[PDB]
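Take a look at this single chain in structure tokens; it is the form deposited in one PDB entry.
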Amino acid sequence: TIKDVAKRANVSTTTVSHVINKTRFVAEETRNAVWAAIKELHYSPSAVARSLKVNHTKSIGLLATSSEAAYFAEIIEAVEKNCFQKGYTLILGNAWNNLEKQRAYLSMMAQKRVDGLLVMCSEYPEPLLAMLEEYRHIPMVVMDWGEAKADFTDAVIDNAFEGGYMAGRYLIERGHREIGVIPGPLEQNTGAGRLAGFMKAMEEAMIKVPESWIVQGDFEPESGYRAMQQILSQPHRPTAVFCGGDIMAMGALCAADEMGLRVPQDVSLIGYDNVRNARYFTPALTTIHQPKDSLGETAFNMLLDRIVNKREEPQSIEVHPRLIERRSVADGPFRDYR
């Protein structure tokens, strides 16, 4: 159809191209005519044709775990924002932690020839790790690892451990010694790593966490609900709880209130993520803020660089979690004695 514009304007398609892309000087008169035709014919230059010659789709693929969850959604929206402002197209794909599902999206992606790949798979087993390598040719970066699990990628690291540690400390310095915890899946960084940072602070204080007091969550509110219950549903209960994710926390707040417990009057609660509306939780959730925006932007940028600047060597960039004091924590029994 570019052919059709060239004719209507009586110029070569080469010309047409040049004016459309300002790739070389053209007579105004000529330039005009082209736009003229361009408009009447109602022209929309074909990207795929172009992509075919230039060799780049100017589109990036996001191999995500899921997009509904608050945590994720925010990250994603960050990424999309950046793509748009730098003219890239976002192809979103959720594998739900499913090998097949990943092998598929991964394949489709390579095929649609995405210029780069953003990865957020939560769990990374060897098998997944392998498929990924089969694509070391597509520039890509993973945004959810603790350390650098691999050499053929870029990685932005959250310091989830330093965060877990912050949370514990807070509780400690608040007067708490009987603390419980609902961690996220141990196969994730935000799971394992947050718990570890937490357990360090505990040990550093000679606080021991009774196993009856640590209940696995899955980041989903319901899991928070059940955990909380299980904890305060026992003879001896902690006076403070550290919840691996704000959304699970939201679920833990529900149960307490449902058992007639008072937060924080009866139970102090500290979360992790600092989701967009954790502030409007009841009560306003005190939590650890993960820089989701900076995490998105920072990944998109490494990707660009590798893309444009054709970087070959891996790179990792750390980001930093920080404490947000809201209203779900109260002084503990030992505040005064310190």
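Sequential numbering from 1, following the sequence displayed. Throughout, rigid core stands for the largest set of C-alpha atoms superposing within 1.5 Å between the two forms.
Taking the PDB entry as given, 33-41 carries the higher mean Cα B factor of the two stretches 33-41 and 275-283. Across the two stretches, 249-257 and 128-136, the PDB entry reports the greater mean Cα temperature factor for 128-136.
The entry lists C-alpha B-factors for 172, 143, 166, 148, and the highest of these is at 148. Sorting 94, 122, 89, 233 by the CA temperature factor given in the entry leaves 233 at the top. Among the modelled residues of its chain, residue 226 has a C-alpha B-factor that falls in the middle third, as given in the PDB entry. Looking at the C-alpha B-factors along this chain, the one for residue 52 belongs to the middle third.
In the PDB entry, residue 77 places in the lowest third of its chain by CA B-factor.
Placement of the Cα temperature factor of residue 179 within the chain: middle third of the modelled residues, per the deposited record.
Among all modelled residues in this chain, the alpha-carbon of residue 316 has a temperature factor (C-alpha) in the middle third.
We do not show the form deposited in another entry, though everything after this point is about it.
Superposed on the rigid core, the two forms differ between the shown form and the other one by 2 Å or more at the C-alpha of one listed residue only; from 220, 162, 74, 266 that residue is 74. Comparing the forms between the shown form and the other one, the C-alpha position of residue 103 differs by 2 angstroms or more, with the core used for superposition. Once both forms are fitted on their core, a CA shift of 2 Å or more is seen for residue 123 between the shown form and the other one. Relative to the superposed core, residue 308 shifts its CA atom by 2 Å or more between the shown form and the other one. Relative to this conformation, a decrease of 3 Å or more in the Cα-Cα distance between residue 216 and residue 70 is found in the other entry.
Compared with the form shown here, the Cα atoms of residue 70 and residue 218 move at least 3 Å closer together in the other entry.
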